[PDB]
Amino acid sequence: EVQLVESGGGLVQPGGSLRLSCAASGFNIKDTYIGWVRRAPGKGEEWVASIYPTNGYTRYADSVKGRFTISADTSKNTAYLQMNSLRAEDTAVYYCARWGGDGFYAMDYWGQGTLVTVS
């Protein structure tokens, strides 16, 4: 079965950086759009960023443009989210997700997520 193996959360002060990692299990990231959503306190899900590793196409939510960068290493079958210039309002649990070519979720279950705390 497909699994998303997530890591890289942590605790930093505003202005600091983290890098999230999402390693694919049960599929190749070349076959897919992969990226992150986050769940902050009191909110629904917010899409953050996505990449199509085959050609490197990326797209970002306006809320993170210029601060976060999404990337992929196909030889590691892993995607990354570099988060620079973190703000307190970036505190959330971040989840890796797959989307199909229809822009809609393409995995059966959420992974366990990774916590990013900015304070």
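Position 1 is the first residue in the sequence shown; the rest follow in order.
- Judged by mean Cα B factor in the deposited record, 72 to 80 ranks above the other of 72 to 80 and 55 to 63.
- Once the C-alpha B-factors are averaged per stretch, 21 to 29 and 102 to 110 rank with 102 to 110 first.
- When the modelled residues of the chain are ordered by C-alpha B-factor, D90 sits in the lowest third.
- Ranked by Cα temperature factor within the chain, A40 sits in the highest third according to the deposited record.
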